[PDB]
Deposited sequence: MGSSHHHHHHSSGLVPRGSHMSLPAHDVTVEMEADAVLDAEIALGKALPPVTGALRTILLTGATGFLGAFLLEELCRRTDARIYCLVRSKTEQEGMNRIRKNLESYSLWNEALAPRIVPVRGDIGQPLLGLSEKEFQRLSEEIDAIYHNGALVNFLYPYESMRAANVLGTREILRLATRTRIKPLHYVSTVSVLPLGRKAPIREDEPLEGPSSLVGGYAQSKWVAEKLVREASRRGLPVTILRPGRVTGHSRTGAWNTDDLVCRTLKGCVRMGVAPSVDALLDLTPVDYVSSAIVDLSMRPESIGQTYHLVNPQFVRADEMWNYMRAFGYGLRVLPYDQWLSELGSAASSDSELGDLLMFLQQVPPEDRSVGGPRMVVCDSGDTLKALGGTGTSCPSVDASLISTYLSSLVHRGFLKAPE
């Protein structure tokens, strides 16, 4: 039972504590550690942090070197977020969070525990096929070693990127941001299981006096103006799927789409508030969308789409899968546990405390309308992922 190994992992080592660590900095941030800079959200996080702060962003990246900066640079460039002015703000740090001490020597880790003022832990292995064991190192031990730095030499505030996937599916009443964490058993998939464990670890460090914010994004999607978006995204995969065979599923679940520019603005905004310490926030769209509505938006852009019950739609996918290898790659994702006629289940959240904490900021989630979809679709079209609607 995987649950037996999760519980054991959710225990934080006794020596991960404030102990005799010097107090957190009270002035402005001078140096920040960000993980996941070569990823989707990390890119907009990195760029947002350069804009809203004057701190040097230390970016932990997997690479063979000065090769880290190029990975970072390329990543931001793929989203239209890079300028040369960013280069001096960014300090790549060669590492691997799936290793002890983030893959640094004892000597390098000690130096880091002295230079870093605050931590934005965004890095994680996101994979919807792999079992728990696959993501144990990066997600569980990665977070454990983050807490180890956060408490080493001098206290460092931790802004932790978690997911709403830590909450049980198949629930009518949205989940409030203050409700405590449930059993490990209520969870499906190795990713959710790993993030569940990680958040347990973080909550333990918080209860032990480390200054921590917990941010649970929902389904994060493209930048609402430029439409910049990760095409390796399952949502993106699924979109091409339906397009290319001209049929979409009916699902009774309410759909959440949170543009990444909101999510990243929100993270920075909430991280800058002393009131956020100890708090959890659901960074999801305040406004939910229905299945058929997104289909309407997509027809309007020009793509034809027959609408089928989810079940009958997976069947057609199965058949088509024997045709395309990309369509098959998507079939593997959808062929697990949620396959019935009303679609897959998915969590529903309240974002009350978030909307409240952000009411005084210029940070508002974009609304999901036909205009946003067109921004997204046009982007995928112009970038070659999709063929232009006839």
Quickly check which stretches of the deposited sequence aren't in the model, judged by C-alpha, and list them in order.
1-26, 92, 365-367
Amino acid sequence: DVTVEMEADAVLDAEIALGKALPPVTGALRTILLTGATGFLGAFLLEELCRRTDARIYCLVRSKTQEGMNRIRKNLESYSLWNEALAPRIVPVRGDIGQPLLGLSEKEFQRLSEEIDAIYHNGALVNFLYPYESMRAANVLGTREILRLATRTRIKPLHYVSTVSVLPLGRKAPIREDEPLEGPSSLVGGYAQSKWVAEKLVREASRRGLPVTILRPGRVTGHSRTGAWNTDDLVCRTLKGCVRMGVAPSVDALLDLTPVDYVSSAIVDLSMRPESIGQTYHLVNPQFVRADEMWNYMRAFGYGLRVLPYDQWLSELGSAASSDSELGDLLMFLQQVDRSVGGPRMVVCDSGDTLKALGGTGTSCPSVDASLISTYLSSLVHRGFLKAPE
From here on, numbers count along this sequence of modelled residues.
Which of 141-149 and 89-97 has higher mean CA B factor, as the PDB entry lists it:
89-97
Which has the higher mean CA temperature factor in the PDB entry, 212-220 or 170-178?
170-178
Using the temperature factors in the entry, find which of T38, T354, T363, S63 has the highest value at its Cα atom.
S63
Just grab whichever of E293, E275, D269, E204 has the top CA B-factor as deposited.
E293
Going by the entry, which third of its chain does the Cα temperature factor of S379 land in?
middle
Test of reading the entry: by CA B factor among the chain's modelled residues, which third contains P259?
lowest
Consider only the C-alpha atoms of the modelled residues in this chain, order them by B-factor as the entry records it, and name the third containing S194: lowest, middle or highest.
lowest
What third of its chain's C-alpha B-factors does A248 belong to: lowest, middle or highest?
middle
Sorting the chain's modelled residues by C-alpha B-factor, tell me whether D324 ends up in the lowest, middle or highest third.
highest
